[PDB]
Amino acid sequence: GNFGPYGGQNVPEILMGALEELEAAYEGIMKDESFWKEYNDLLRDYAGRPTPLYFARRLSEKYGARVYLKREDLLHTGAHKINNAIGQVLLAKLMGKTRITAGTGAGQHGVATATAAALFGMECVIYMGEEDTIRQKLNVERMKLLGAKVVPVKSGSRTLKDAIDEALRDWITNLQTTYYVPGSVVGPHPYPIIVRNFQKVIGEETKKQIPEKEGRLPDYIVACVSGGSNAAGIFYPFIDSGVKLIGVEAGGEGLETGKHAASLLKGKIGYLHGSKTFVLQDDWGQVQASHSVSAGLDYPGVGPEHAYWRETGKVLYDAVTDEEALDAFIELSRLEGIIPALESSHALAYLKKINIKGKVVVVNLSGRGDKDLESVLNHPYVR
């Protein structure tokens, strides 16, 4: 589970037995026709796959380009997270586990996990930073109705990083019964591989859909990147194809302000939540608090596969600010009638940063922005 020098299994020793068990089970289902039948049936009828690739005519006219939106916002629960949550909770049920735990920032992973746990009849305990239980309270309501226990985390920054800390402590305390579901491609092997392999359906669909619209591969594919699961899913089938793959990190108040979540652009090599990867840290190796207007991107690390792609030049990375993402959120609502997630709005904001006159561009619309409605309107820049 190494992507060049990145990745690995950097965990307390007690977890190695659990990770070896998970790796053996996963390798078992990768050749199991019955797993992929039930999983693909649920993706189609329960989640709503395949998602359409939508020609955004008014957006295209504004930029003089051909802009297509991969509509992951149309999935059940409203975000790409459901592709991963269904697959992993199914794997957990097949392994004999009876309990699910996870951390969540925007609440989209928590809702998707609680949804899969209700579908498969499993106990579910979701950890979420206290600050995020307010900015994304609508998702807290959904989780409780779906039968999950929501535990607010008041430690540290009280956001995603600290929720994951608590979920990992829960997992270690409950290894007998509990399967830990990471929401992104960050974690000890085999988790980054498992999550990416559940999300690459996005890129595989996109790869079959775009020739039907333009007769060729796109010029650009743009996706937002915090941990990196939605971007890994759409990028993976296109690696080394010649398409320009652009991952967009959260620039927060600005890359020079110290208030951002741009791990690849501003972090250093380090260890976080099981992975050797790029992490925002001070000069003494202490992990720093991240910041973003988007709770989903508010995380100080990045997936090890993206650190490897950045190093080898297979994917290009940049960042946009809070204000640029807010402008793109408003722009898509007005021009196309689609309210995007504030996470995905970072990708849409990057349309202003590339020379795309006459170019074919696919933007990964990773989720819908109903959860962000209150925080956008109350933001001082929008007011």
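The numbering used is simple: start at 1 and walk along the sequence shown.
Of the two segments, 227-235 and 124-132, the one listed with the higher mean B-factor is 124-132 (C-alpha atoms only). As the entry records it, the average C-alpha temperature factor is higher for 27-35, out of 350-358 and 27-35. The PDB entry assigns the greatest CA B-factor among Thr206, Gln176, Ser184, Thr115 to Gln176. When all modelled residues of the chain are sorted by CA temperature factor, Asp298 is found within the middle third. Ranked by C-alpha B-factor against the other modelled residues of its chain, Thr312 falls in the highest third. Among the modelled residues of its chain, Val363 has a C-alpha B-factor that falls in the lowest third according to the deposited record. Compared with the other modelled residues of the chain, the Cα B-factor recorded for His291 ranks in the middle third. Looking at the C-alpha B-factors along this chain, the one for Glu214 belongs to the highest third.
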